[PDB]
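Undergrad: Chains as they are written, first to last, in the entry's author numbering: chain g, 5 to 530; chain G, 99 to 146; chain P, 136 to 153, 158 to 164, 166 to 177, 181 to 190, 194 to 201; chain q, 2 to 534; chain z, 1 to 527.
Cβ coordinates follow ideal geometry from the N, Cα and C atoms, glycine included.
The structure follows.
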Amino acid sequence: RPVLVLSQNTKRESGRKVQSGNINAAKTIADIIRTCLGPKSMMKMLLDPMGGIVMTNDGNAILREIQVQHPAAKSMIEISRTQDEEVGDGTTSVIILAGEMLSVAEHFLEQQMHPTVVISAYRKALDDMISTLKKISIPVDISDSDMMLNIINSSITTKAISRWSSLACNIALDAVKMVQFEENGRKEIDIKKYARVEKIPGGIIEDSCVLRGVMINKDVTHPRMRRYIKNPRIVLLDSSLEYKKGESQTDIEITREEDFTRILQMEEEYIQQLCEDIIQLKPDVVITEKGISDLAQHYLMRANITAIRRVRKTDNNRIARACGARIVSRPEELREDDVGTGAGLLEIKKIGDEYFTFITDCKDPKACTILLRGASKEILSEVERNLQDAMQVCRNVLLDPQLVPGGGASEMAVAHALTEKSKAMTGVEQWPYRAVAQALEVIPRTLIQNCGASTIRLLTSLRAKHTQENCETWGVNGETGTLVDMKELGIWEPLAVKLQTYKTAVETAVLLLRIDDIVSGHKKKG
Amino acid sequence: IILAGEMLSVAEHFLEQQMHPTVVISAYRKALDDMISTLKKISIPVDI
Amino acid sequence: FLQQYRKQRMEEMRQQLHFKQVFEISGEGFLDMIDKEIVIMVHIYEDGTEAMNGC
Amino acid sequence: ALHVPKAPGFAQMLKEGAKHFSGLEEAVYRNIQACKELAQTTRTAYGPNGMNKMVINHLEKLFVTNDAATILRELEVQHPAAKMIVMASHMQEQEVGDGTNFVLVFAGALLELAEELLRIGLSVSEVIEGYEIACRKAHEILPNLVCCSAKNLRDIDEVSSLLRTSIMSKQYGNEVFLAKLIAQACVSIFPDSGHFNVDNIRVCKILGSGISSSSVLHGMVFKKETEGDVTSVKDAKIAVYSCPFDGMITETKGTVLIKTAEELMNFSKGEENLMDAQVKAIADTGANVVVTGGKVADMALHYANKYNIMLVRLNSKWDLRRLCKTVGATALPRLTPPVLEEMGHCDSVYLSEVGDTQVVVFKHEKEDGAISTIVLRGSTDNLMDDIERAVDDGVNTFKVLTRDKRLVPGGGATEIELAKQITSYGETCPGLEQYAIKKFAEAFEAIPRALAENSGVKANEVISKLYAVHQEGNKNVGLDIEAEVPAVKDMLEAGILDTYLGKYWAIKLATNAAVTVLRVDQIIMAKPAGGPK
Amino acid sequence: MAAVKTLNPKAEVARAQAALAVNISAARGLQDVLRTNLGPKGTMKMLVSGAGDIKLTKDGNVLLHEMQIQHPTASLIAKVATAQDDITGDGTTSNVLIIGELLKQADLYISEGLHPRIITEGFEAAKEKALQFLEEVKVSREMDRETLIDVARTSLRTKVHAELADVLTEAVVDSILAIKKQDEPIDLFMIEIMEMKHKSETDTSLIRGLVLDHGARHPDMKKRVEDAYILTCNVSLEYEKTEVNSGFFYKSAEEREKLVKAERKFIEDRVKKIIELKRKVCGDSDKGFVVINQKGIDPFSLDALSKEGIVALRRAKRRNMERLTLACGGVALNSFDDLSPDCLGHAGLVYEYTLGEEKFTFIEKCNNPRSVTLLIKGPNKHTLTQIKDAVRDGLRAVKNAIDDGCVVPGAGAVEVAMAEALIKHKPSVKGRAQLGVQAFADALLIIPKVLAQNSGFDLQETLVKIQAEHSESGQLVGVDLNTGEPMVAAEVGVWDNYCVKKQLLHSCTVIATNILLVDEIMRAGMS
Ligand SMILES: Nc1ncnc2c1ncn2[C@@H]1O[C@H](COP(=O)(O)OP(=O)(O)O)[C@@H](O)[C@H]1O
Ligand SMILES: Nc1ncnc2c1ncn2[C@@H]1O[C@H](COP(=O)(O)OP(=O)(O)O)[C@@H](O)[C@H]1O
Ligand SMILES: Nc1ncnc2c1ncn2[C@@H]1O[C@H](COP(=O)(O)OP(=O)(O)O)[C@@H](O)[C@H]1O
Ligand SMILES: [Mg+2]
Ligand SMILES: [Mg+2]
Ligand SMILES: [Mg+2]
C-alpha cells in the first residue's frame, strides 16, 4: 500500500464527464415517470422490498420506491419529495421540467459556455417566469362551492378516482372546510393531524363518505355497556384507571395480620375513588389512552357509563377536536367545561368481522374521519393518495385565492412572454434564457404524447395561437388532443402549485449545474 | 405394448394371490394357442 | 384471543410510515466494524433471506 | 430444440419446491397405490397367526408388536392419503380400541377395487355413491348377524370367555391365562353402577419371572420406597396430603426478623415444637400411614419416625388422585389432622421387593374397590409392553361390551356373510352403481384372505368353502386356524366372537376414509421445509 | 435495457405489452386453477403444508391462500378475494373467474391494436348497466324459514357433501333464527363454533345454549347439575400479589402460621360472598350453582367452593362472558361488591363431557337463549376444518339474505340475463366502447360456461341452449347441473345473495380496470 495520499477506495472523476453523467441521470429519472402525466396517464406496479405492491401513477409515490446509485438521481428524488411536501401536487411536472432544463443546459455546456452564465440566465428567467405567472393569474371566490368543486375536479381528473369525481370532490371539500380552525388570531388547516383517512377493504367506493366526527377501530371494554347512546357526554383521559406503582422505591413491611387485606382494600378504595371522581361529572362515555381496570369497569357500569381503553394519542386528540372536549390526566381535577358536549350520536357497530366505534353526529366538529370502502387494500391506498392530493389542492387554493390556466396554457404563455422579453437582451446570456423559456413546452408536449396526437403539428398550432394578444388560456385537450380554450374546458390550477413547481425545477437545474467533480468511497468518519 | 401391459396387469392379480408364476405361464400358453386357432378360424381370403 | 398478538397488524401498518439500505460489508470489514465504536445485528447469507432483509 | 419450457400460467407461478398433481392417473391412482402399499405393509400382522414387527423410530426406540395402530404410529408415514387412512385407524382405536387392522385392510381393498372400477370405465362420483349405498346396506344387515349377547358381566368365567377372542390375536400362544387375569381385574372394577372406567385398571411391569407369574392385585403398586423407618402396616389409616410434609410458609416473602437475643434463641425451638404438635395431632387421630405429594422435611421425617408413621411420597398428582380413589381418602391441602370421613382405609400397606425392584403395595382384602392393578412379569421390557398392549385391548373390549352386549361371529364368518348378502342385493339394483356395490361386497373378502394367508393355507380354497357353507345357510362358520389344510368350522361353538360395535365402527370409518380419499382430485404440496416436531 | 435498469442494474422491469401480457398470464393461470371449484359438482382439492398438515377444501379464498404462488397480479387478485370473503363471505371463486375472463376478453381486443382505455370505458358503462339490471331483477321477499333454508342449502351443497350440507342447512338456519333480534343487526359473534373429534361428520348439530372447552378442575365437583343458577363473573379467585412489594416479617413460627392464615382473607371474603349467595338462592339441594370465571381460581378457593356443592369454571373466554349473559340471562360481574339474586343466570341442564384429555361443559335447556353454539363433529382434523369453513360460508349467506330483503336467482340465470341486457344496450354506447361492453358481457357469461363444464356437458351448446330459452321465454333460466337443460332457478330454489352479486360486479370491474391500465411493472428497491 505504498504512499496512497488518499484512501485506496477513494474514486475521483471530474470534467465534462461529470456534467454529462449528472444531466443524463436526471434525464433518466424524468423518463421513468414521463408517461405518468396527464388525464390519460397509465398506472405503474411497484414491488415493495418488504413484499407489498404499490400500484399508482403519482410521481412521488413512484420515485420514492426507486433506489438509485447516481447522486444526481438522489437529488431528483429529493426534489420530488420536496414538491410533494410543499404543495402536494405537480410532482411529475417538476421532475419533467428539471430534466428538460438540464438537457437544454447540456446543450450549452457542450460548447465553451461556463456554467455560471447559464445559472445567471436561469435565475433571470425564473424571476420573469414568476412575474408572468402572477400576471396571468385570476382570483377565485372561496365562498362559491361550485367553483371550489371545479378546481378539485381539475386537480383529480388525472387520477384513478376521476370516475367518482363528484363524490371525491365533495368529500375533500367538506373535510378541508370542517377541519379549518381559528384560534387566538391564528389561522390553520392541519390536514396532516386531523381529517384522518380510514380505509376498510370491501364494500363499494360509492359508499365512501366523510363523517361529522371521528371513527376508530375500538370496542367497549365490557359487553353490558351500551353500544348506542343518543347524546353522549364524552370525557377523555390520559392516565390509567388502574392501581400502578409509584416512581420511588416503596417497599412495605407487614407485621400484623390485617395489614395485607387492608392494603388490598385500599387498592380497591383508590380505584373506587377515581371512578367516583369520574362519575361526579355525570358523563356517558369515557375514553382513555391507557388501560382501564376491571374493577374500574364495574364501578363505571354501575353509573351506566360506556368506557373505551387503549386509544392512540392522535385518535384521542382527533376526538377532542370533533366533540369539543379536553383530555384530562388527573380525574380529581376534572371540571365541567372539560366534558365533551356536542357529539350527537355514538354507536359501536360491526363492519365485516370487527367492531368500530362511531362518533358521527357532532355539531360544528373541528376534526373528521374519511371512511374509504373499496375493492382491496392497494386500490384503497391509491384512492387515499388521490384524496390527499385533492385535500392539499383545496388547502392551497384556500390559502392562496389565485388561479392559473392549465392544460399547457400557462407554460406556453410564460414561454412566449419570456421569448419577447429575451428579444431585447443583446447579450451572450440571451441564448440560455430563451432555451430555458422554451423548455416549458415539454409539459404540453408530454400531454400531447400521452394523448396520442401528433406532437409537432399540435405544438406548432399552439405556439402560433399563443402569439396573439388574448390567448394566454389556450392549451391542449388531453383527452382529444385538440387545441381548446381553458375558460371553456374548465381546467385550472392554484397559482401556488405552479410557482412551487417552476421554482423547484429551476433551482434543481442550478444545483446540478453548479457541480463538476465527484469523489466517493470515503467512510462517514463520525 | 398395450396388450402386454394389460396381460401383466391381470397377471399381477393372481401373483398376489399365492399362485406360482408357472401356473400362470401355462395358462397363458394355452390361451395363446387357442387365440391362434380362433384367429385362423375367423379369417377370410383375399383376391390379391 | 390475546395470544394472537392483536397489536401485530397495527405495528405492521404503523411501521411502513418512514428508505436507505443496510450496509453490505472485505474480510477485514467485519473485523474493523465491530473492533471500533451499542446493539448491532449482522446478517449472514449468500445470494427467506430477502424477507428478513426487508424486516 | 433441446428443452421443454414450463407451460404459461400456473405451471410457471408454482414455487421452487412445491408440487402439483392433477387428474385421475396423476393423483387418484397414485393415492390408491400408496394406500394399497400401506395396507400391504400392515397386512402380515393380522389375526392370531400375525407376526410381530420390530419397528425402530427416529429416537432409536425399539417396538415389537402386531398391533396395527402401534405400528402405524411408530412409522414415519409421509404420503397424505396414507396419512388420512392412518388417522382413520387411530380414530377407530380411540373410539373402540380394536379393529385398526380391519380398518386398514378394508380401506386398502376398497381403494384397490375403486381403482379397478375407475379403470373399467366408471366415474369417481358413481363409485362413491355405490360405496355409500353398500355401506348403508351393510350397516342395515349387521344387526341381523348377531349370534349371542354377553348377558352377564359380573361373572368371571363368562367375562374371561368373552375377552379370550379379543386377546387371541395378540399373544396367540397363551391367551387363557391373560383372559383370566383381565377378567378378574375388570370384575373387581365395574361396580353395581353400569359405568365402567378404563383408567381404573393399572398395569405394573416388573422384570424377571416370565408372564406366567403375573397376577392381579386389588389396590395399587408404586415402584419406590418409604421415607420413614416404618415399612409395614396391618390396619392402615392413610391420610393423604397434597401439600408438602412440612410447615407451610408465606406466599409473598418470608423474612425472620430478629430484634433481640431471646427471639434468636427461641425461634428454632418454637418452630420444632410447633411442628411436633402438628405431627402429634395428625397421629392422635389413629392415622398410621401418611402420603404426601410434596417434599418431606428432615425434622418432619424425624418426628414421624418418633410416632411410628409410615411415609410415602408420590411425585405425580395422577398417582395421588388414583391412590385417593382406591383408598377412599381426600387429598388435604394443609397439615390439619384428617376428619373421620377423610381418613383412607386399606387392608394392608407394606414395603416389598419383586425381582430387584422395591415397591410399596396398598393391598385390599375385599374383591372390590375403585382401582385394580395388574402386576406384569417378564424376561424382556418389550415383551411386557406387548402384554400391556394386549391387556389394553382386552380392557377396551370389556368397555365396549358394557356399552353394547351384542356379538357377531369372528374367524371370517361375519364379513363373508356380509359380502354374500351385499352381492345378492347389488344384483337386484339396476344402474351403474351395481358395479360399485359388488366391489364393496368383494372388498370384505380381504379379511378371510388375510387370515388364511397368515395361517399358511391357500386363501382361495378357504373363501370358496366359506361361500359354499354360507350358501347352505350356516352364517356362523369361519376358517379353522388349527388345521394344516384349508378347513372351516363353526364360530359360535368355538367362542370366536368379536364385538358388534367394533365391526360397526370399523366398517363406518374404513368406508369414510376410502370415500374421502376418492373425493380428492388435485394435490398442491408445499415445500417440505423443516419442522421436526 | 430500459431507463430504470441504467440507474439500478439489478432491477426487473416489464414495460408496454410485457406488463399486460404478464398480468393476463397470471390471471389466466389463477382462473385455470379455480375453474374446477365452481358449483356443487366441483372437485375437492388436497392441500399439504410444509409441516405436513392436510387440508381438503373447495373454497376459493382458502385455495388461493394455500396456493404456492409468488406473483404480483396473483397477490392483487388474492387481496380482492380476501376483501370479498371478509365482507360478504361468498363469491371468491366467482370473483377470480370473472376477473380472469374480463382480462382475457379485454386482451382479445387489445391484441388487435386497441388501447385499453376504451376497453375500460366500455367496462364502466357495462358495469353501470349491469347494476341497473341487477336492481331490476332482484326478488324481494319475506325471509321466512323456507327461503333461508334454500339459501343455506345452495351454499352448503357447493361447499360439502349433499347429506352433510342438508344437515348443516338446518343447523345454520336454526342458529341464525335463534340469535336474530327484530330490527337489529345480526351479531355473528354470538354463535360459538366448537369442534369435537369423536363422532361422525353427520353427527354435528345445534345446541340451544353454550359449550365450553374446559371443565371443573376439582375432581370432587358434580359432573351433572339438573337445575342450575349461572354466575358469570370476572373476579380473580386465586392468590394476588400486593402491587407495592409488601413482603412479610415475623419473629416466630406461630407468627408465621398466623400470617399464612391471614394472607388468604381477601380471597376468602369473596368466596364467602359467593357461598352466602348460593345458600340464599337455593337453600335446598334440588337446585344447583354454576360459576364461570374469566380469571383463574386457586385450589384453596376451588376446594372451598366444592365443599358447598358448587361447580366452578376458570379461565373462560372473554366472548363467553357476553355469550353466557345473552344465553343464560344473567349479569356479568366484575366485582362482588353488591351481588343479588337478580344477577344470576339460569340453565335447565349443565353437564360435563369427557373426550380423552379434553373436557367439555354443556349448558343447555335455557329459557330463550339469544346466543347458541354449533358443535362440529367428525373423525378427522381436515373434516372439522372443512365443516367449519362451510358453516362460516352458510352463516354469512343466511345473514346476507336476512339483511337484504331481496334474493337473486342462481345457476347463472341472472348473469345470462345481464349479458343479454348488455348486448341490447350496446348500440346505445357511443364510440368504440361497444367492444368493451361486449367483452364485459362475455366475461359475465363465464359462470354458466364453468358450471356446464364442471357438470360434464358441452360448454357452447349448453350456453346457446340457455340463451335461446331465456330469449324465447324471458324468464330467469339457469344451467341444470344434472341434465344441462334450462331450468328456472326461482322455481327450483337455487338462490344467490344480492349483495354478493353487487360486490362481485363492483370489485371485478374496479380491479380489471386498474390492471388493464398498468403499463409497467417495476422492482428497484434493492441497493
Ligand atoms: N382534462 C384535461 N385536459 C388537458 N390537460 C389536463 C386535463 N386535466 C389535467 N390536465 C393537465 O395535466 C397536468 C396534471 O398532470 P398530473 O398527472 O396531475 O401530474 P402531477 O401529478 O405531477 O400534477 C396539469 O398541468 C394539467 O394542466
Ligand atoms: N381363534 C381364532 N380363530 C380364527 N379367527 C380368529 C381367532 N381369534 C381371532 N380371530 C380373528 O382375528 C381378527 C382380529 O384381528 P386383529 O389382529 O385383532 O386385528 P384388529 O386388532 O385390527 O382387530 C378377528 O376378526 C377374528 O375374526
Ligand atoms: N344446485 C345448483 N344448480 C345449479 N347451479 C348452482 C347450484 N348450486 C349453486 N349453483 C351456482 O354455483 C355458484 C356457486 O359457486 P361457488 O362454488 O359457491 O363459488 P363461490 O364460492 O365463489 O361463490 C352460484 O353462482 C350458483 O348460481
Ligand atoms: Mg397532479
Ligand atoms: Mg384386534
Ligand atoms: Mg359460494
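Closer than 7 Å to a non-hydrogen atom of ligand 3 - does that hold for the CB of residue 40/z?
TA: Numbered from 1 along the fifth sequence, position 40 holds the residue referred to as residue 40/z. Residue 40/z: yes, Cβ under 7 Å from ligand 3.
Undergrad: Restricting to Cα atoms, I'd like to know which of 386/z, 490/z, 422/z and 23/z is closest to residue 63/z.
TA: Along the fifth sequence, read from residue 1 onward, the residue named residue 63/z stands at position 63. Considering only alpha carbons, the answer is 386/z.
Undergrad: So does residue 100/q have its beta carbon nearer than 7 Å to some heavy atom of ligand 5?
TA: In the fourth sequence, residue 100/q corresponds to position 99, counting from 1. Yes, the Cβ of residue 100/q comes within 7 Å of a heavy atom of ligand 5.
Undergrad: What first and last residue would you give for the alpha helix (DSSP H) that runs through residue 401/g?
TA: For the purposes of this step, residue 401/g is identified with residue 397 of the first sequence, where counting begins at 1. 381–403 is the extent of the alpha helix (DSSP H) around residue 401/g.
Undergrad: Between residue 184/q and the rest of its own chain, which residues show a CB-CB distance below 7 Å, the 5 nearest in sequence each way excluded?
TA: Position 183 of the fourth sequence holds residue 184/q. Cβ neighbours of residue 184/q beyond the five flanking positions: 157, 160, 161 and 164.
Undergrad: Chain P beta carbons: is any one of them nearer than 8 Å to that of residue 71/g?
TA: Counting from 1 along the first sequence, the entry for residue 71/g is found at position 67. Closer than 8 Å to some Cβ of chain P, the Cβ of residue 71/g qualifies, so yes.
Undergrad: Give me the Cα-Cα distance between residue 257/q and residue 247/q, rounded to the nearest whole angstrom.
TA: Residue 257/q sits at position 256 when you count from the first residue of the fourth sequence. Residue 247/q sits at position 246 when you count from the first residue of the fourth sequence. Those two C-alpha atoms are separated by around 17 Å.
Undergrad: Just to confirm, is the Cβ distance from residue 378/q to residue 215/q under 8 Å?
TA: For the purposes of this step, residue 378/q is taken as the residue at position 377 of the fourth sequence. For the purposes of this step, residue 215/q is taken as the residue at position 214 of the fourth sequence. Yes. Within cutoff.
Undergrad: From the DSSP output, read off the bridge partner residues of residue 495/z.
TA: In the fifth sequence, residue 495/z corresponds to position 495, counting from 1. DSSP lists 409/z as partners of residue 495/z.
Undergrad: Is there a Cβ of chain g sitting closer than 8 Å to that of residue 200/P, yes or no?
TA: On the third sequence, position 54 is the one that residue 200/P refers to. Residue 200/P counts as touching chain g.
Undergrad: Label residue 414/g either buried or exposed according to how many other C-beta atoms from any shown protein chain fall within 10 Å of its C-beta, with 16 as the threshold for buried.
TA: Residue numbering aside, residue 414/g sits at position 410 when the first sequence is read from its first letter. Under this definition residue 414/g is a buried residue.
Undergrad: Got a sec? Which residues, its chain only, sit under 8 Å from residue 447/g by beta carbon, not counting five neighbours each side?
TA: Along the first sequence, read from residue 1 onward, the residue named residue 447/g stands at position 443. Contacts found: 41, 97, 100, 101, 412 and 415.
Undergrad: How long is the line joining the alpha carbons of residue 125/z and residue 447/z, rounded to whole angstroms?
TA: Position 125 of the fifth sequence holds residue 125/z. Position 447 of the fifth sequence holds residue 447/z. Using only the alpha carbons, I get a separation of about 21 Å.
Undergrad: Find the residues of chain P that neighbour residue 318/z, judging by a C-beta separation of less than 9 Å, and give them in chain order.
TA: Here the question's residue 318/z lines up with position 318 in the fifth sequence. In chain order: 136 and 137.
Undergrad: When every heavy atom of ligand 3 is checked, does at least one fall within less than 7 Å of the C-beta of residue 411/z?
TA: The residue given as residue 411/z occupies position 411 in the fifth sequence. Residue 411/z: yes, Cβ under 7 Å from ligand 3.
Undergrad: Does ligand 4 have even one heavy atom less than 7 Å from the beta-carbon of residue 162/g?
TA: One-based indexing of the first sequence puts residue 162/g at position 158. Answer for residue 162/g: yes, Cβ within range of ligand 4.
Undergrad: Check whether the Cβ of residue 82/g sits closer than 7 Å to any heavy atom of ligand 1, and report yes or no.
TA: As a first step, residue 82/g must be located in the first sequence, where it is residue number 78. No; taking the cut-off as 7 Å, the Cβ of residue 82/g has no heavy atom of ligand 1 nearer than that.
Undergrad: Less than 7 Å between C-beta atoms, sequence neighbours within five positions excluded: which residues of the same chain meet that for residue 32/q?
TA: Indexing the fourth sequence from 1 puts residue 32/q at position 31. Cβ neighbours of residue 32/q beyond the five flanking positions: 82, 518 and 521.
Undergrad: Within 8 Å (strictly less), CB to CB, does residue 15/g reach chain z?
TA: Indexing the first sequence from 1 puts residue 15/g at position 11. So no, residue 15/g is outside the interface.
Undergrad: Examine the Cβ distances between the stretch 14–25 of chain z and the stretch 141–155 of chain q and report whether three or more of them are shorter than 8 Å.
TA: Output reads no: the stretch 141–155 of chain q does not touch the stretch 14–25 of chain z.
Undergrad: Closer than 7 Å, Cβ to any Cβ of chain q: which residues of the stretch 213–232 of chain z, in chain order?
TA: Of all residues in the stretch 213–232 of chain z, 219 have a Cβ within less than 7 Å of some Cβ in chain q.
Undergrad: Straight-line CA distance for residue 108/q to residue 355/z?
TA: Along the fourth sequence, one-based indexing puts residue 108/q at 107. Along the fifth sequence, one-based indexing puts residue 355/z at 355. Each residue's alpha carbon lies about 26 Å from the other.
Undergrad: Quick one: give me the first and last residue of the alpha helix (DSSP H) that residue 84/g is part of.
TA: Your numbering for residue 84/g matches position 80 in the first sequence. Taken as a continuous stretch (DSSP letters only), the alpha helix (DSSP H) holding residue 84/g covers 75–90.
Undergrad: Could you tell me if residue 478/g is buried or exposed, where buried requires 16 or more neighbouring beta carbons within 10 angstroms of its beta carbon?
TA: As a working note, residue 478/g is residue 474 in the first sequence. Under this definition residue 478/g is a buried residue.
Undergrad: Relative to the C-alpha of residue 242/z, which residue among 263/z, 232/z, 234/z and 235/z is closest?
TA: Here residue 242/z refers to the residue found at position 242 when the fifth sequence is read from its first residue. It is 263/z whose Cα lies nearest to the Cα of residue 242/z.
Undergrad: State the beta-bridge partners of residue 255/q as determined by DSSP.
TA: In the fourth sequence, counting from the first residue as 1, residue 255/q sits at position 254. DSSP output for residue 255/q lists 248/z as bridge partner(s).
Undergrad: Only counting runs of 4 or more residues, tell me where the alpha helix (DSSP H) segments fall wholly within the stretch 92–137 of chain z, in order along the chain.
TA: For the stretch 92–137 of chain z, whole alpha helix (DSSP H) runs of length 4 or above, ordered along the chain, are 92–110 and 116–137.
Undergrad: Quick check: is the beta carbon of residue 361/g nearer than 8 Å to any beta carbon in chain z?
TA: Walking along the first sequence from the start, residue 361/g turns up at place 357. Not closer than 8 Å to any Cβ of chain z, the Cβ of residue 361/g fails to qualify, so no.
Undergrad: Between 220/g, 202/g and 254/g, which lies nearest to residue 212/g when the distance is taken from Cα to Cα?
TA: Counting from 1 along the first sequence, the entry for residue 212/g is found at position 208. It is 202/g.
Undergrad: Helix, strand or coil for residue 5/g per DSSP?
TA: The sequence position of residue 5/g within the first sequence is 1, counting from 1. Coil at residue 5/g, not helix or strand.
Undergrad: Please name the residue or residues paired with residue 344/g in a DSSP beta bridge.
TA: Sequence index remark: in the first sequence, residue 344/g carries index 340 (1-based). Paired residues: 238/g.
Undergrad: Is there contact here, the stretch 45–58 of chain g with the stretch 74–86 of chain g, by at least three beta-carbon pairs under 8 Å?
TA: At 8 Å Cβ cutoff, the stretches do not touch.
Undergrad: Run through chain g and tell me which residues come within less than 9 Å of residue 143/P, C-beta to C-beta.
TA: The residue you call residue 143/P lines up with position 8 of the third sequence. What residue 143/P touches in chain g: nothing, since even the nearest Cβ is about 14 Å away.
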